[PDB]
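>>> Kindly generate the corresponding structure for this input.
(4 chains, ligands or ions: 7)
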Amino acid sequence: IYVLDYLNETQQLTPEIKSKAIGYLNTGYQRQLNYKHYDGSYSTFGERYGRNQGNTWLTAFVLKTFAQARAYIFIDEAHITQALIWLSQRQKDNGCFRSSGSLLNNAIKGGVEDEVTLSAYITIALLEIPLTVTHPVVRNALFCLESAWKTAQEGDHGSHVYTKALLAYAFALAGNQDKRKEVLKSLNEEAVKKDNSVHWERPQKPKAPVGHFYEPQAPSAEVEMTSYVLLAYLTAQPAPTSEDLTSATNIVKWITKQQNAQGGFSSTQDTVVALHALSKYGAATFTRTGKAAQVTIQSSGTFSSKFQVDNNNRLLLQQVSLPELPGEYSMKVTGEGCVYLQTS
Amino acid sequence: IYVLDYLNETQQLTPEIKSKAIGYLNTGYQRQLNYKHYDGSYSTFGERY
Amino acid sequence: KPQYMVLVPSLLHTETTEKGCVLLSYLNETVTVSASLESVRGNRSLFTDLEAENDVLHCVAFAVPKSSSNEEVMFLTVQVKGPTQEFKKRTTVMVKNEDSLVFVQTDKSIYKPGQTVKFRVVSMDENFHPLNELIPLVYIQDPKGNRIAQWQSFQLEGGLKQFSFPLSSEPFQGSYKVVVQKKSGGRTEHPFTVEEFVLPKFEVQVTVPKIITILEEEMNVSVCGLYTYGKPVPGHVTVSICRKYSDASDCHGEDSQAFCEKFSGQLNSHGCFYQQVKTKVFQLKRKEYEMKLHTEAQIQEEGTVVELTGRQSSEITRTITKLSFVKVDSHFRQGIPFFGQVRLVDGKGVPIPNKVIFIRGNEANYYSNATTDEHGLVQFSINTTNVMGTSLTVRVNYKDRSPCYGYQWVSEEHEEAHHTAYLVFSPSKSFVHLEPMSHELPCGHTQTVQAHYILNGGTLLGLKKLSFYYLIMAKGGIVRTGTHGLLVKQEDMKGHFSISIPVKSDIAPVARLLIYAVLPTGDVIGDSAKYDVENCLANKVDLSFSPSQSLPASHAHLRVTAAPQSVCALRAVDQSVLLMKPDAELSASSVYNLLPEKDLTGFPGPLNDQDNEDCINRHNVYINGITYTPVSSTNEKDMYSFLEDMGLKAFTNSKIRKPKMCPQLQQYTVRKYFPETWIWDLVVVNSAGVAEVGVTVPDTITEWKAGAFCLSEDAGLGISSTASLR
Amino acid sequence: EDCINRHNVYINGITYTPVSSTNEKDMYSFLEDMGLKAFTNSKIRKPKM
Ligand SMILES: *[C@@H]1O[C@H](CO)[C@@H](O[C@@H]2O[C@H](CO)[C@@H](O)[C@H](O)[C@H]2NC(C)=O)[C@H](O)[C@H]1NC(C)=O
Ligand SMILES: *[C@H]1O[C@H](CO)[C@@H](O[C@@H]2O[C@H](CO)[C@@H](O)[C@H](O)[C@H]2NC(C)=O)[C@H](O)[C@H]1NC(C)=O
Ligand SMILES: *[C@@H]1O[C@H](CO)[C@@H](O)[C@H](O)[C@H]1NC(C)=O
Ligand SMILES: *[C@@H]1O[C@H](CO)[C@@H](O)[C@H](O)[C@H]1NC(C)=O
Ligand SMILES: *[C@@H]1O[C@H](CO)[C@@H](O)[C@H](O)[C@H]1NC(C)=O
Ligand SMILES: *[C@@H]1O[C@H](CO)[C@@H](O)[C@H](O)[C@H]1NC(C)=O
Ligand SMILES: *[C@@H]1O[C@H](CO)[C@@H](O)[C@H](O)[C@H]1NC(C)=O
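Numbering: from 1, shown residues only, chains lettered A, B, ... in the order given. Ligands and ions are numbered 1, 2, ... in the order given. Sure, the structure comes next:
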């Protein structure tokens, strides 16, 4: 679904791949209905085994996918409603709903299973649905988030990144401009930025021992979390600003560099969230009608240059040198269509 | 499908029965795809044989 | 600890008011509760609040409007805010755009050509107070799937309306219908036949066992044909008592009828005919099925024969000597004697006196004898200090159908009293069970139930006295409430205490009473109850008439009593077609079973439950003593469960639910006037009861089924009796 | 012969519990691993059911 949206938003698509993907989507949808619970919950096996209860994160993952799938193809609201009320039912008074661990693999999920991170992924998956912040469930969710954020902020460690990033993204979905400002500032403090981009990572050397093959029982989940960081940068109530877009550009450069030649990315979660992030980026940046951009560079030593950008040369890298020692290079852009301007 | 048409032609319908029938239709469609042939033909059992 | 408890039926009838209760106690009185019933999807919010104090129960009746969908779920949250305390708890509530309960009533059941049908329609809400409302549609339908008449978009103002429609001279014959359609899409029906016929002037009636069994050599039978003014009729009688389903093929011209025995009689001038028959020709055995009796009186000087089908279902039952329960506690407890009262009957339904029996209480090892008294009753008592779940049985004979049970070609059995009971969870080791009057409950009267409260240690620290709180639930909602506090003995177990309560009305044919006592330590006990409330109405009503008279004796009266400002629907009908064919389910029982959701018992389906998190599962179960041993789930009754089968749901903090651990993580001079009707009208009841003047129809002699159906906004509806005017 | 089987293992508390045998070292087992045998009256062997 997320690659469907990537294709349709970048416009590199066709009705054939479209129809084949649509068939895939209906097929996977129904084969997934064949695993859920009578209450509406969802399990790995589920049906044909009466003694069972579903998992939370899995129900949330299927909910998010049902959301965007509704966004593209048809799907019924009753299933998402039932899974939603199920998510509510598990919630505590002020604590957030528990983890009814009924999975088979920790690779499918990129998080650490913590109630904090779990509830964060859940409530953000909620907020991707058009959901009022005034809702009870979300009200309690934000309460959890604020609490957990303060505990991890004032604390010298709350994993420092993944928790904090997911919290940031959910806080952005709320409306708490100040809160998202402070948290993104904090994540920006602990930076893994590089020669021409930015990203984030887990501690890189866990304090306690680890396994052998690729750090087993630890996917290390850098792409998905960086993608969520990006996603958090991309969302304001009227439209984002410039500086969030620059940060987004850098982290997206890292993202696209971190893509696997086999296709997708190192897993399914990170692939999904990364494609969601890039889709939202292009929805912001990649305008399909803005096609008349004109750039004009002017420098105090009468060093003037001019460039044009349109659809035909959309992917063009127009490069030009800059000889003057004291650089006072005034860029001036006009027209339509976003432009990235990388100087070194 | 034909009763769907009947309801929607006579106008004695609603979006609820509509959506439930739509789900039935997709489900039966796919469960039927699970019986066809690789050439495109269709059999009672078909697949897994 | 400071304590609260808020309670409400899990269902919500919308577009009206619904009651819910709250209890509060033990400190920081200045508290504010608030219920928020919210439509999750999209958004809706209905907000309700109250400010309250300690040691008080109070119930608020919040109202709900209509919605978009017919039936929905809603998040009900509740917030308790005391000056130094806060608590919040939510759940799912079933909301439903209830369909008003409505119906019809005709002038007559059957019709002949040239006449006009006349009927009326009625509607009401949960409360049987009348309801004024616009109806989308009602219509009359002709048997071919085609329509004959229709009326649309009409508003009830007295909570009812009347309509008529004339029939042609040569329409279609058969079972015509009338139908109503409501704005919800709900539809209702009331049939009526249409055909030619003659007016009867007598009715045959048999007397015979309504229930006949195996061990029967003979049978009393009698034939009595009532007449006009119930007078004796002379002529001829012939009955055809019959068994059915012989070895015939029920096909190829083979009559399925088994032995049909025919008895003639000359129906005498005075009195009625009798006959004692012998059942040897019937072979009251395995493969000779139920008993139909078709009695045909040919009245003389007309040649006119009419039949009655009778006692078709005379239960020739295998289960002979069937004893019974009456008042069985469903439950027992580890610290108590329970005493079941148990009647004994057999066959016809007559109790046997002085008959020994054996009573086996298993997992109490209580094998005790008793006997049947004049009423077949035994009140066996069993002390209970024992294991989890108890089984109980009683017999008069042993655990087998002693005479020739194994042949595959046998027809006999004997009932066995069977019953099972589970105990409460009471970690306090205190509990309150109730001794009820568990049988038929009259109306308009007070009754005292009694209660066996017991207190492990009493209040541990607490204060001196304690409190009990009882609720009487009706029609899936709430009706009545109260409480009672009592000074506790210092550290001791006090057993008995009674509670009286009124049975005026306003309560379902079931009355779900419960009670619960509360402990400042955060603890609680209680117990439910059930009373088969006799079908009985709030608004009393009555009828009368100036008495019977002669043939054209025009001036007659009808009178009715009801509430001082009301109306009544008055159906006097010449009882000949009604003699020919009866009415249809017209009674208070009609009103009652027409109700939607008689009993709220258990939550609905779409909502499952609300789970909690406490898992006491040890790594190893830590079973000190002689040996170790694993974990397992129990099976026993709970307060959460008491309030579930009660029907409602509640929020609190105390230990209500048992600490069910989490499952295992391990995985892989006269001029005739119209007959067939006398009076069909509406009338108004002043503040002194009404009295109208009916007008004696001539040239007609039968019963006069008078029917009174009254209505007032204040007292609700009323159903008065079958007064004749012979 | 000292079989200690209750009808059920008789827990009052969170729930009831089932039966199971144990696994721990014993004086009888001490003397068996010793390689010898003996006769007494006291409780040496665990009260196996
Ligand atoms: C394809 O991607 C576009 C990117 O804008 C999505 O947005 C739609 O663009 C089409 C262009 O014709 C508009 O007509 C729609 O109003 C836009 N909004 C929609 C339809 O969601 C669009 O979702 C995708 N599909 C298309 C091309 O409509
Ligand atoms: C069933 O009912 C309608 C009745 O007209 C069917 O016909 C369609 O009506 C729509 C009305 O806008 C036309 O635009 C279509 O051209 C008609 N043919 C279609 C849509 O197949 C239609 O088959 C069904 N659904 C409706 C109500 O359109
Ligand atoms: C839902 O939210 C809006 C927010 O302004 C509120 O005004 C509205 O009354 C609510 N209910 C409906 C049906 O829109
Ligand atoms: C209730 O009041 C007492 C005294 O003011 C206070 O100590 C307590 O914290 C309050 N809240 C409780 C018992 O929850
Ligand atoms: C009914 O049967 C009994 C014998 O069982 C007999 O004595 C009696 O006369 C019969 N008739 C009536 C009215 O009891
Ligand atoms: C049943 O017990 C009573 C004593 O309580 C005894 O009289 C009676 O004989 C016993 N039953 C039989 C069949 O003897
Ligand atoms: C009930 O029976 C048990 C048997 O031990 C006894 O302990 C208890 O005192 C009896 N209670 C009575 C007769 O009230």
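>>> who touches residue 133 in this structure?
Chain wasn't specified; assuming chain A. Residues in contact with residue A:133 (Cβ atoms under 8 Å, 6 or more residues apart in numbering or on different chains) are A:139, A:142, A:174-175. Using the backbone N, CA and C atoms, a C-beta is placed for each residue, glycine as well.
>>> my question was about chain C
Contact analysis of residue C:133 by Cβ under 8 Å, 6+ apart lists C:100, C:123, C:155-156.
>>> Can you add distance to residue C:166, neighbour count and secondary structure and give the contacts of residue A:133 back as a markdown table?
Below are those laid out as a markdown table (distance: Cβ to Cβ, whole Å; neighbours: other Cβ atoms under 10 Å in any protein chain shown; DSSP: H, G, I helix; E, B strand; the rest coil):
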| residue | distance to residue C:166 | neighbour count | secondary structure |
| --- | --- | --- | --- |
| A:139 | 64 | 14 | helix |
| A:142 | 69 | 21 | helix |
| A:174 | 69 | 18 | helix |
| A:175 | 69 | 12 | coil |
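>>> ok so, going back, how about the contacts of residue C:133, which pair is most distant?
Farthest apart among the contacts of residue C:133 by Cβ to Cβ are C:100 and C:155. That separation is 13.1 Å.
>>> Give me the neighbour count for residue C:273.
Burial of residue C:273 is recorded as 21 neighbouring residues (other Cβ atoms under 10 Å in any protein chain shown).
>>> so it makes contact with residue C:237?
Yes. In this structure residue C:273 lies within contact range of residue C:237 using Cβ atoms under 8 Å: 5.1 Å.
>>> who touches both of these two?
Taking Cβ under 8 Å, 6+ apart as the contact rule, residue C:273 and residue C:237 both touch C:223, C:265-267.
>>> In chain C, which residue sits nearest ligand 1?
Here chain C gets closest to ligand 1 at one residue, residue C:42, 20.7 Å apart by Cβ to the nearest ligand atom.
>>> circling back: which of the shared contacts of residue C:273 and residue C:237 sits closest to residue C:382?
residue C:223 (51.4 Å).
>>> Okay, and the residue of chain A at minimum distance from ligand 1 sits in which element?
Closest residue of chain A to ligand 1, Cβ to the nearest ligand atom: residue A:8 (3.8 Å). Assigned by DSSP states H and E, residue A:8 belongs to helix A:2-10.
>>> Please tell me how far whichever helix or strand comes after that helix is from the chain's geometric centre.
Counting by DSSP H and E, the next helix or strand C-terminal to helix A:2-10 is helix A:15-33. Computed by Cα atoms, centre = their mean, to the nearest Å, the separation of helix A:15-33 from the middle of its chain amounts to 23 Å.
>>> for the longest helix anywhere in chain C, packing partners?
Longest helix in chain C, counting residues (DSSP state H): helix C:639-646. With contacts defined as 3 or more Cβ pairs under 8 Å, 6 or more residues apart in numbering or on different chains; DSSP states H and E, the packing partners of helix C:639-646 are strand C:510-519, strand C:523-528.
>>> tell me the angle of it relative to strand C:523-528?
Counting by axes from the mean of the first three to the mean of the last three Cα atoms, to 10 degrees, helix C:639-646 lies at 30 degrees to strand C:523-528.
>>> So what touches helix C:639-646?
C:7, C:424-425, C:473, C:512, C:514, C:516, C:524-528, C:601-603, C:649-650, C:656-658.
>>> How about stretch C:113-121?
Contact partners of stretch C:113-121, identified using Cβ under 8 Å, 6+ apart, comprise C:102-108, C:111, C:135, C:138, C:140, C:156, C:160-171, C:178, C:180, C:190, C:192, C:196, C:569, C:676-677, C:680.
>>> same check, this time on stretch A:95-109
Against stretch A:95-109 from outside (Cβ under 8 Å, 6+ apart): A:43-44, A:52-58, A:61, A:87, A:90-92, A:113, A:115-116, A:118-119, A:122-123, A:140-141, A:144, A:217, A:219, A:267-269, C:613, C:665.
>>> In helices, which of the residues you listed fall?
Counting by DSSP H, those place A:56-58, A:61, A:87, A:115-116, A:118-119, A:122-123, A:140-141, A:144, A:269 in helices.
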